[PDB]
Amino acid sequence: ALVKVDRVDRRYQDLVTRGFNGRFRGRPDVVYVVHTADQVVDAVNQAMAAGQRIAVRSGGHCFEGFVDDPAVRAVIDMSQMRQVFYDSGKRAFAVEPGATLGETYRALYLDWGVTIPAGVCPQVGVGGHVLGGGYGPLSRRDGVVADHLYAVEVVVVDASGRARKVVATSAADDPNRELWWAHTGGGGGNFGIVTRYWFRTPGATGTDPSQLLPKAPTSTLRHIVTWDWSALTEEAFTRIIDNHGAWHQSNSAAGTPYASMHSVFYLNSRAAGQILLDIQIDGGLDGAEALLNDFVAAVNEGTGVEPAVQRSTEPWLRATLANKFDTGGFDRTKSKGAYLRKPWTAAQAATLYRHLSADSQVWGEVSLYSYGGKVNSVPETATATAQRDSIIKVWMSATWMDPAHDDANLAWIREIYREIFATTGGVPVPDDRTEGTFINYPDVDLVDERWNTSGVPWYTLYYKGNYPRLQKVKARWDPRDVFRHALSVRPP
């Protein structure tokens, strides 16, 4: 289909409210619904000629709703572009940005029995997920998704003011390899518009597609372990915390049995009823069941309370395609993350318990992700995802329904964060204990001095020593600063 232009058209509301986060709703003059890269070129050229500030939506999961900022006048929506295929020529797999993770997972698996180590949520977009290095349950095993990025097709704009389509590959002799590099965890609205991504494991021989990317697990064995809040004490919570963290520091970053395990520890508040440890592993590996109960046995060894355990073995795709991320009306969110190099302290664990145990008036939680593994095998400088020596990733949030309570919710999430990172100035500064935070977790509070961040800039936080190299890319492929937003890479 030819390019579509949505201006005071009946399709407007639907397009402007596609964002995941109900807090931010767009008001651009127009939305362009694109179907080909050439259409993307046209749309860009039309907005520049109208001086419409551009934004791209693929998946709409942007936690900070950047695309829906009131300064945006042009929104290019890629949701009609979700083609996925293999190219025998290129020895690579075709995936368009409009595709959902759930769709790519299903297409890659059924035709070839393979996958990519991407995120968990099935409705997440490929478009703004891969270029910032979205990770998931198989990262431990196979690394970041961008560890399997061969090439990217992008629409960029000339110093002369011209939109152009360009291809950037990971070949050493490719003059655009720095553009490819930029797309391996530089993040979303900075370098142009990706129209197609190419995947192949750098260690991949031959012409057989089934052996050109990691193979899906035989099955998914799951244990959900839950501990009720009423039987939880500050002391037992802390043993659990300290126990969890000591294990993650001993068990990861290699190609071992436990490299294939993933867990999320949902540290819910005292309204939620319980804290939940959600663990999974390939049901086809030897003594699979044994590694899982050995881990939880390590998790609550010095504890005073005994958890519940629910076990199940399901087909990998079925388990993978659960829409168990139901918003349930509570569509407003605020969140903030961190990369841990070493476990929380005695004091941080205690910050955690008090703020979670409290009769807050808001739905708060702390999630801890098992991490490391194969991701830690790539040199920090080898991709634009620098964080390559962390053992756990954390994501903290508040979720609500009524905008009248934005103030109470916002207060909550900021307070827990600043307090556990208080010894630095309320932020996870890359040092011997952390490695900053994750670009797909934007937090514009990182640029507010009337809060946290003591002495360290936001870009140190997200990219460490990799930022200058990203600045030089910004200048070469987007000299006119056509692609920007609040937490945007700046030219030097």
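From 1 onward, residues are counted along the sequence shown.
Novice: If you average the CA temperature factors as listed in the entry, which stretch comes out higher, 345-353 or 94-102?
Specialist: Result of the comparison: 345-353.
Novice: Looking at the deposited entry, does 160-168 or 67-75 carry the larger mean Cα B-factor?
Specialist: According to the entry, 160-168 carries the higher average C-alpha B-factor.
Novice: Which listed residue, 416, 254, 338, 114, has the largest C-alpha temperature factor in the record?
Specialist: In this record, 254 carries the highest C-alpha B-factor of the candidates.
Novice: Would you mind finding, among 81, 382, 120, 130, the residue with the largest C-alpha temperature factor in the entry?
Specialist: Spelled out: the listed residue with the top C-alpha B-factor is 120.
Novice: Classify residue 305 as lowest, middle or highest third according to the C-alpha B-factor given in the PDB entry, relative to its own chain.
Specialist: It belongs to the highest third of the chain when residues are ordered by C-alpha B-factor.
Novice: Within this chain's modelled residues, let me know which third the CA B factor of residue 452 belongs to: lowest, middle or highest.
Specialist: It belongs to the highest third of the chain when residues are ordered by C-alpha B-factor.
Novice: Rank-wise, by C-alpha B-factor, drop residue 7 into the lowest, middle or highest third of its chain.
Specialist: CA B-factor rank for residue 7: highest third.
Novice: When the modelled residues of the chain are sorted by Cα temperature factor, does residue 134 land in the lowest, middle or highest third?
Specialist: Its C-alpha B-factor belongs to the highest third of this chain's values.
Novice: Rank-wise, by C-alpha B-factor, drop residue 424 into the lowest, middle or highest third of its chain.
Specialist: Within its chain, residue 424 is a highest-third residue by C-alpha B-factor, going by the deposited values.
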